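Enquirer: This is the structure, below, for whatever I ask next.
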Amino acid sequence: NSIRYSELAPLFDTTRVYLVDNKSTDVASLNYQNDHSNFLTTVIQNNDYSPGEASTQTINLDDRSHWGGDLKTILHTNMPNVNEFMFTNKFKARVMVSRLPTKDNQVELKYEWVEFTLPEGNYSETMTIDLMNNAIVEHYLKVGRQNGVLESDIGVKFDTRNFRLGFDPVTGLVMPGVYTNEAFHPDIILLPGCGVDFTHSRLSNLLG
Amino acid sequence: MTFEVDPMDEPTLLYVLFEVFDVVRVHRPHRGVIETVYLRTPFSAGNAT
Amino acid sequence: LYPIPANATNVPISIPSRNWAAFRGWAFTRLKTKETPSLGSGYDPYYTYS
Amino acid sequence: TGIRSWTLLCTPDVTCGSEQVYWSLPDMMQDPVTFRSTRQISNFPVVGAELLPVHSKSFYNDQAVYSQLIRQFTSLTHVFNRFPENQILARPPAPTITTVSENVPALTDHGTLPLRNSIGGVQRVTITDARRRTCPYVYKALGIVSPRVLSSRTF
Amino acid sequence: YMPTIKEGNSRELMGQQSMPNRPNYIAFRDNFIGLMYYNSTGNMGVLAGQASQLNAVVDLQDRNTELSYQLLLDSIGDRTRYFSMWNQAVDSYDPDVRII
């Protein structure tokens with residue numbers, strides 16, 4: 001049971017060894033490019049030695065006994081809601097890209113799956129959906145205005161209202177004439193030739 | 001220890017190479033098994049003691 | 001290794017209280033800090049000499 | 001035959017789900033049953049698993065939509081609502097049960113794993129995300145180990 | 001020597017001179033030093049049984065293998081000869097240039 005270290009006297013069973021991160025500041029060199037996610041730390045603490053040294057000595061547990069260790073870990077992070085690493089800042093949505101009359105006076109409506117980006121960091125649900133709509137508006141601004149795409153025919157629009165609330169089966173329309181402004185659940189509004197993709201995007205869960 | 005050296009206008013390091021003993025014993029009992037027993041005495045590090 | 005500031009002349013160092021069994025001897029030299037990269041690291045951000 | 005056949009409406013989450021984050025101590029703890037020692041970060045043996053310390057919390061403003069209009073006027077800009085009048089494209093009302101992400105501190109327990117007979121001076125601690133990609137968002141980490149005897153090897 | 005800082009063709013520019021640039025060679029080290037990672041606990045070589053688990057290479061942070069090879073190599077045989085297989089050509093200065 002003799003768990004022994006070189007300089008000090010041989011300790012007996014059930015001691016403690018600590019893996020902390022500021023010890024990283026100490027053998028700085030070793031982890032010049034590492035983060036708290038993965039790092040090299042000095043377990044050995046003796047106070048005699050300067051912080052840099054004493055990191056080469058090894059703790060030995062006697063070979064005759066098969067040693068096992070308990071473990072308790074402490075973790076506390078800060079991850080934003082929208083970020084590049086967690087596949088939340090990007091999403092693909094096919095939209096109308098150009099509306100130009102042809103020689104036969106027949107209008108031609110092109111389409112293109114264009115990837116979008118969101119400033120990382122915006123957080124709340126409302127704001128997020130709103131931002132996403134912002135990006136769409138943006139694509140139209142960059143290209144529709146240019147190729148002459150009317151703002152009426154924006155393929156993709158996000159909303160949370162229940163459009164059939166005022167629906168009346170007797171007539172087939174909405175008698176109040178305005179959709180009720182009460183949010184229910186994130187949903188997507190599409191137009192012919194447009195759509196949404198989430199193959200390599202995670203905001204799916206947010207839209208629910 | 002106390003060293004005394006001539007001045008220079010740029011940072012310098014002094015490298016003392018404490019000489020020591022440092023050996024490895026290679027133990028290979030079965031096919032495809034290697035066990036090493038390190039040792040470095042004046043600056044203790046390794047397995048045996 | 002031990003740092004020596006610019007225009008320094010005296011270099012006191014201390015080796016704290018170890019066992020000195022089977023110790024063999026010493027060997028020492030002086031090096032320029034520019035030309036000695038910080039080994040052990042994958043990449044040295046400041047090393048600018050070759 | 002509609003969309004309901006292959007889609008499920010779930011409650012929205014700011015966190016967009018949660019990923020289990022694994023723990024790796026390649027130089028101290030003996031590897032698990034089926035893993036093999038390797039120096040790839042991605043594959044470092046998994047000696048512990050716990051949920052990511054990020055969860056949603058529920059907050060309720062019911063006056064929400066009103067709140068939103070307040071929000072817009074205070075904003076000083078129409079921006080988000082660029083086509084005010086058309087009903088279809090108007091700014092969607094804020095949900096009354098909106099949720100906010102939060103970074104709860106985590107302090108987990110992992111029972112016991114066999115560790116190497118000779119621990120080392122520079123042990124390496126590694127936390128990996130789901131796909132074994134190191135997570136850049138971890139502010140502190142700390143490991144506590146209590147070695148104890150388990151069995152002997154001398155008959 | 002650049003006579004006049006004015007640009008474009010001019011008589012002063014006709015009066016200029018030249019000088020060859022300094023020599024500067026580039027190659028690998030004496031024994032491919034630094035190509036293989038040594039004495040770096042972050043990036044350490046591993047050699048064990050495929051089957052087993054414990055590595056048989058333990059590399060401390062403060063040991064220096066490079067220098068050692070460089071010495072042994074000096075001890076076992078001459079270094080003045082050049083072996084092109086591992087670039088084995090020890091660096092040396094011209095003794096009539098080090099001292100004047």
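Chains: A, B, ... in order of the structure tokens. Residues: from 1 per chain. Ligands: from 1, in order shown.
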Could you list, as a ChimeraX atom specification, every residue within 6 Å of residue 134 (chain D), counting only C-alpha atoms and ignoring same-chain residues fewer than 2 positions away?
Expert: /A:37 /D:128-129
Enquirer: Restricted to N, CA and C atoms, what would the selected residues look like written as a compact mmCIF listing (two decimals), in the first residue's frame?
Expert:
```
# COMPACT_ATOMS: atom_id res chain seq x y z
N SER A 37 -9.66 23.28 -22.51
CA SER A 37 -10.25 22.04 -22.99
C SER A 37 -9.26 20.89 -22.93
N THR D 128 -13.56 16.68 -24.33
CA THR D 128 -13.92 16.65 -25.74
C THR D 128 -15.43 16.80 -25.90
N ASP D 129 -15.90 17.34 -27.01
CA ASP D 129 -17.34 17.49 -27.23
C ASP D 129 -17.85 16.26 -27.81
```
Enquirer: Skipping near chain neighbours, those fewer than 5 positions away, what residues fall within 8 Å of region 68-73 of chain D using only C-alpha atoms, listed as JSON, numbers by chain?
Expert: {"D": [78, 93, 94]}
Enquirer: Using only C-alpha atoms, determine which residues of chain C fall within 7 Å of chain B; present them as a VMD selection string.
Expert: chain C and resid 1 to 14 19 to 33
Enquirer: Next, the residues of the selection above should be written as a compact mmCIF listing (two decimals), in the first residue's frame with N, CA, C and O atoms.
Expert:
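part17.txt, written as the output of this step:
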```txt
# COMPACT_ATOMS: atom_id res chain seq x y z
N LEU C 1 18.40 25.60 -17.35
CA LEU C 1 18.82 26.82 -17.92
C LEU C 1 18.54 27.89 -16.90
O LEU C 1 17.69 27.68 -16.08
N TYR C 2 19.22 29.04 -16.89
CA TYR C 2 18.89 30.16 -15.99
C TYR C 2 19.06 31.52 -16.67
O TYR C 2 20.08 31.74 -17.28
N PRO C 3 18.10 32.44 -16.60
CA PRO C 3 18.21 33.69 -17.37
C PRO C 3 19.29 34.59 -16.80
O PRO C 3 19.60 34.57 -15.61
N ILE C 4 19.87 35.40 -17.68
CA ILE C 4 20.83 36.43 -17.30
C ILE C 4 20.42 37.73 -17.97
O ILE C 4 20.49 37.83 -19.20
N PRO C 5 19.98 38.73 -17.22
CA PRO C 5 19.55 39.98 -17.84
C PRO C 5 20.70 40.66 -18.56
O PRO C 5 21.87 40.34 -18.38
N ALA C 6 20.34 41.62 -19.41
CA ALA C 6 21.33 42.34 -20.20
C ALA C 6 22.27 43.11 -19.28
O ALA C 6 21.84 43.69 -18.28
N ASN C 7 23.55 43.09 -19.62
CA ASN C 7 24.59 43.80 -18.88
C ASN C 7 24.70 43.32 -17.44
O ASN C 7 25.23 44.03 -16.58
N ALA C 8 24.21 42.12 -17.15
CA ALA C 8 24.40 41.54 -15.83
C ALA C 8 25.78 40.93 -15.73
O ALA C 8 26.43 40.63 -16.73
N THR C 9 26.24 40.75 -14.49
CA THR C 9 27.56 40.18 -14.25
C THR C 9 27.58 39.03 -13.26
O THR C 9 28.44 38.16 -13.38
N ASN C 10 26.67 38.99 -12.30
CA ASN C 10 26.66 37.97 -11.27
C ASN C 10 25.42 37.11 -11.44
O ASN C 10 24.32 37.63 -11.65
N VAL C 11 25.59 35.79 -11.37
CA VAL C 11 24.49 34.86 -11.57
C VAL C 11 24.41 33.90 -10.39
O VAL C 11 24.96 32.80 -10.46
N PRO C 12 23.75 34.27 -9.29
CA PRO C 12 23.55 33.31 -8.21
C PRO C 12 22.37 32.41 -8.50
O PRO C 12 21.29 32.85 -8.89
N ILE C 13 22.58 31.11 -8.31
CA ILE C 13 21.54 30.12 -8.50
C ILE C 13 21.51 29.21 -7.29
O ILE C 13 22.49 29.09 -6.55
N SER C 14 20.37 28.56 -7.09
CA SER C 14 20.17 27.69 -5.94
C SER C 14 19.47 26.42 -6.38
O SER C 14 18.44 26.47 -7.07
N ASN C 19 18.56 14.84 -2.83
CA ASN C 19 19.56 13.80 -2.58
C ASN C 19 20.62 13.90 -3.67
O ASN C 19 20.29 14.17 -4.83
N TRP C 20 21.88 13.69 -3.30
CA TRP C 20 22.98 13.72 -4.25
C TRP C 20 23.70 12.39 -4.33
O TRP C 20 24.93 12.34 -4.39
N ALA C 21 22.96 11.29 -4.32
CA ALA C 21 23.59 9.99 -4.50
C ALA C 21 24.08 9.83 -5.93
O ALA C 21 23.44 10.27 -6.88
N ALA C 22 25.26 9.23 -6.07
CA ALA C 22 25.81 8.83 -7.36
C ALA C 22 25.97 9.99 -8.33
O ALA C 22 26.11 9.77 -9.54
N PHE C 23 25.96 11.22 -7.83
CA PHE C 23 26.18 12.37 -8.69
C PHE C 23 27.56 12.29 -9.32
O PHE C 23 28.51 11.82 -8.70
N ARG C 24 27.67 12.75 -10.56
CA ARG C 24 28.90 12.55 -11.32
C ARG C 24 29.75 13.80 -11.48
O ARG C 24 30.96 13.73 -11.23
N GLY C 25 29.19 14.91 -11.91
CA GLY C 25 29.98 16.10 -12.14
C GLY C 25 29.12 17.19 -12.74
O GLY C 25 27.90 17.07 -12.85
N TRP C 26 29.79 18.27 -13.14
CA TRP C 26 29.12 19.43 -13.72
C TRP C 26 29.61 19.67 -15.13
O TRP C 26 30.64 19.15 -15.56
N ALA C 27 28.83 20.47 -15.86
CA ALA C 27 29.22 20.95 -17.17
C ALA C 27 28.35 22.16 -17.46
O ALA C 27 27.13 22.10 -17.28
N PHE C 28 28.96 23.26 -17.89
CA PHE C 28 28.20 24.49 -18.05
C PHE C 28 28.72 25.28 -19.23
O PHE C 28 29.85 25.10 -19.69
N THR C 29 27.86 26.16 -19.73
CA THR C 29 28.17 27.03 -20.86
C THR C 29 27.22 28.21 -20.81
O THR C 29 26.36 28.30 -19.93
N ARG C 30 27.36 29.13 -21.76
CA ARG C 30 26.49 30.29 -21.85
C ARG C 30 25.92 30.35 -23.26
O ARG C 30 26.64 30.11 -24.23
N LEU C 31 24.64 30.68 -23.37
CA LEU C 31 23.94 30.72 -24.64
C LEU C 31 23.17 32.03 -24.77
O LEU C 31 22.76 32.64 -23.78
N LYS C 32 22.97 32.46 -26.01
CA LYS C 32 22.12 33.60 -26.28
C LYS C 32 20.66 33.18 -26.25
O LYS C 32 20.28 32.16 -26.83
N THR C 33 19.84 33.98 -25.58
CA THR C 33 18.44 33.63 -25.42
C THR C 33 17.72 33.58 -26.76
O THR C 33 16.78 32.79 -26.93
```
Enquirer: Would you mind listing, as a PDB file with N, CA and C atoms, in the first residue's frame, all residues of chain A that have at least one atom within 9 Å of chain B, where only C-alpha atoms are what counts?
Expert:
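Just written: out_27.pdb:
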```pdb
ATOM      1  N   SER A   6       9.365  10.577  -4.367  1.00  0.00           N
ATOM      2  CA  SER A   6      10.817  10.515  -4.237  1.00  0.00           C
ATOM      3  C   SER A   6      11.311  11.242  -2.993  1.00  0.00           C
ATOM      4  N   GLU A   7      11.096  12.556  -2.920  1.00  0.00           N
ATOM      5  CA  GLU A   7      11.702  13.336  -1.844  1.00  0.00           C
ATOM      6  C   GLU A   7      11.065  13.041  -0.493  1.00  0.00           C
ATOM      7  N   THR A  56       9.187  17.001 -13.320  1.00  0.00           N
ATOM      8  CA  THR A  56       9.673  15.772 -13.926  1.00  0.00           C
ATOM      9  C   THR A  56       9.611  14.583 -12.984  1.00  0.00           C
ATOM     10  N   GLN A  57       9.470  14.819 -11.686  1.00  0.00           N
ATOM     11  CA  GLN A  57       9.379  13.727 -10.730  1.00  0.00           C
ATOM     12  C   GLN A  57       8.050  13.000 -10.881  1.00  0.00           C
ATOM     13  N   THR A  58       8.072  11.694 -10.643  1.00  0.00           N
ATOM     14  CA  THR A  58       6.893  10.861 -10.819  1.00  0.00           C
ATOM     15  C   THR A  58       6.451  10.266  -9.491  1.00  0.00           C
ATOM     16  N   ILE A  59       5.135  10.159  -9.337  1.00  0.00           N
ATOM     17  CA  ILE A  59       4.510   9.489  -8.206  1.00  0.00           C
ATOM     18  C   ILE A  59       4.380   8.022  -8.562  1.00  0.00           C
ATOM     19  N   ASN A  60       4.836   7.152  -7.671  1.00  0.00           N
ATOM     20  CA  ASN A  60       4.829   5.718  -7.925  1.00  0.00           C
ATOM     21  C   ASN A  60       3.874   5.043  -6.954  1.00  0.00           C
TER      22      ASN A  60
END
```
Enquirer: Given the choices D:103, D:112, D:146, D:40, which gets closest to chain E if the distance is worked out from only C-alpha atoms?
Expert: D:40
Enquirer: If you run DSSP on the backbone here, which positions in chain D get helix (DSSP H, G or I)? Please write them as a PyMOL selection string.
Expert: chain D and resi 3-5+64-75
Enquirer: Counting only C-alpha atoms, which residues from chain D have an atom at most 6 Å from any atom of chain A, and could you show them as number ranges by chain?
Expert: D: 10-14, 16, 92-95, 103, 105-115, 117-127, 134-135, 137-153
Enquirer: Output C-alpha atoms for every residue in that selection, as a PDB file, in the first residue's frame.
Expert:
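File written: out-v5.pdb
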```pdb
ATOM      1  CA  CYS D  10     -40.675  19.835 -30.055  1.00  0.00           C
ATOM      2  CA  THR D  11     -40.464  22.649 -27.543  1.00  0.00           C
ATOM      3  CA  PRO D  12     -37.920  25.264 -28.688  1.00  0.00           C
ATOM      4  CA  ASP D  13     -34.561  25.348 -26.908  1.00  0.00           C
ATOM      5  CA  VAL D  14     -31.967  28.103 -26.975  1.00  0.00           C
ATOM      6  CA  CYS D  16     -30.347  23.603 -29.477  1.00  0.00           C
ATOM      7  CA  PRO D  92     -43.465  37.680 -35.454  1.00  0.00           C
ATOM      8  CA  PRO D  93     -44.695  38.161 -31.887  1.00  0.00           C
ATOM      9  CA  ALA D  94     -42.400  37.088 -29.090  1.00  0.00           C
ATOM     10  CA  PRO D  95     -43.369  33.793 -27.425  1.00  0.00           C
ATOM     11  CA  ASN D 103     -24.087  28.219 -17.752  1.00  0.00           C
ATOM     12  CA  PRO D 105     -21.696  25.130 -12.722  1.00  0.00           C
ATOM     13  CA  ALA D 106     -21.161  21.388 -12.838  1.00  0.00           C
ATOM     14  CA  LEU D 107     -19.656  19.109 -10.194  1.00  0.00           C
ATOM     15  CA  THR D 108     -20.018  15.469 -11.203  1.00  0.00           C
ATOM     16  CA  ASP D 109     -18.871  12.161  -9.740  1.00  0.00           C
ATOM     17  CA  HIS D 110     -17.332   9.199 -11.544  1.00  0.00           C
ATOM     18  CA  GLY D 111     -17.112   6.001  -9.551  1.00  0.00           C
ATOM     19  CA  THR D 112     -13.663   4.454  -9.942  1.00  0.00           C
ATOM     20  CA  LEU D 113     -11.306   3.528 -12.757  1.00  0.00           C
ATOM     21  CA  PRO D 114      -7.999   1.664 -12.540  1.00  0.00           C
ATOM     22  CA  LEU D 115      -4.961   3.904 -12.947  1.00  0.00           C
ATOM     23  CA  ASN D 117       1.085   2.120 -11.305  1.00  0.00           C
ATOM     24  CA  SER D 118       3.368   5.110 -11.985  1.00  0.00           C
ATOM     25  CA  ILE D 119       1.597   8.379 -12.431  1.00  0.00           C
ATOM     26  CA  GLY D 120       3.365  11.174 -14.013  1.00  0.00           C
ATOM     27  CA  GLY D 121       4.709  14.573 -13.706  1.00  0.00           C
ATOM     28  CA  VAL D 122       2.786  16.109 -16.451  1.00  0.00           C
ATOM     29  CA  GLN D 123      -0.620  14.572 -16.664  1.00  0.00           C
ATOM     30  CA  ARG D 124      -2.860  15.691 -19.466  1.00  0.00           C
ATOM     31  CA  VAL D 125      -6.452  16.650 -18.948  1.00  0.00           C
ATOM     32  CA  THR D 126      -8.726  16.744 -21.987  1.00  0.00           C
ATOM     33  CA  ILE D 127     -12.436  17.507 -22.348  1.00  0.00           C
ATOM     34  CA  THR D 134     -12.097  20.103 -28.091  1.00  0.00           C
ATOM     35  CA  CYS D 135     -14.605  22.669 -26.834  1.00  0.00           C
ATOM     36  CA  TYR D 137     -15.698  27.492 -24.389  1.00  0.00           C
ATOM     37  CA  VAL D 138     -14.467  25.965 -21.091  1.00  0.00           C
ATOM     38  CA  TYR D 139     -13.486  28.442 -18.395  1.00  0.00           C
ATOM     39  CA  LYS D 140     -12.347  26.172 -15.556  1.00  0.00           C
ATOM     40  CA  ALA D 141     -11.615  22.543 -15.077  1.00  0.00           C
ATOM     41  CA  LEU D 142     -10.300  20.629 -12.242  1.00  0.00           C
ATOM     42  CA  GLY D 143      -9.747  17.054 -11.358  1.00  0.00           C
ATOM     43  CA  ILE D 144      -9.559  15.330  -7.989  1.00  0.00           C
ATOM     44  CA  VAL D 145      -8.360  11.734  -7.676  1.00  0.00           C
ATOM     45  CA  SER D 146      -8.290   9.477  -4.600  1.00  0.00           C
ATOM     46  CA  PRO D 147      -6.203   6.364  -5.297  1.00  0.00           C
ATOM     47  CA  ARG D 148      -6.997   3.240  -3.307  1.00  0.00           C
ATOM     48  CA  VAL D 149      -6.049  -0.436  -3.342  1.00  0.00           C
ATOM     49  CA  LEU D 150      -8.236  -2.735  -5.317  1.00  0.00           C
ATOM     50  CA  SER D 151      -6.590  -6.072  -5.558  1.00  0.00           C
ATOM     51  CA  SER D 152      -3.264  -7.664  -5.447  1.00  0.00           C
ATOM     52  CA  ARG D 153      -1.044  -9.445  -7.858  1.00  0.00           C
TER      53      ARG D 153
END
```
Enquirer: Using only C-alpha atoms and a cut-off of 7 Å, which residues of chain B sit close to chain E? Please list them as a PyMOL selection string.
Expert: chain B and resi 32-36
Enquirer: Would you compute the distance between CA of residue 92 (chain E) and CA of residue 71 (chain E)? Give it in Å to one decimal.
Expert: 14.8 Å
Enquirer: Which polymer residues have any atom within 7 Å of an atom of residue 49 (chain D), counting only C-alpha atoms, with same-chain residues fewer than 5 positions away left out, as an MDAnalysis selection string?
Expert: chainID D and resid 20:23
Enquirer: Taking a cut-off of 9 Å and counting only C-alpha atoms, can you build a table that, for each residue of chain C near chain E, reports the nearest atom pair and how far apart they are in Å (one decimal), sorted by chain then residue number, as JSON lines?
Expert:
```
{"residue": "C:39", "atom": "CA", "partner": "E:40", "partner_atom": "CA", "distance": 6.9}
{"residue": "C:40", "atom": "CA", "partner": "E:40", "partner_atom": "CA", "distance": 3.8}
{"residue": "C:41", "atom": "CA", "partner": "E:40", "partner_atom": "CA", "distance": 6.7}
{"residue": "C:42", "atom": "CA", "partner": "E:43", "partner_atom": "CA", "distance": 7.2}
```
Enquirer: I need the strand (DSSP E or B) residues of region 71-176 of chain A per DSSP on the backbone, written as JSON, numbers by chain.
Expert: {"A": [71, 72, 73, 74, 75, 76, 90, 91, 92, 93, 94, 95, 96, 97, 98, 99, 100, 108, 109, 110, 111, 112, 113, 114, 115, 116, 117, 157, 158, 159, 167, 174]}
Enquirer: If the cut-off is 9 Å, can you tell me the residues of chain D near chain E, counting only C-alpha atoms? I'd like them as a count of residues only.
Expert: 10
Enquirer: Just to confirm, what's the straight-line distance from CA of residue 165 (chain A) to CA of residue 136 (chain A) in Å (one decimal)?
Expert: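 Computing it gives 26.4 Å between the two atoms.
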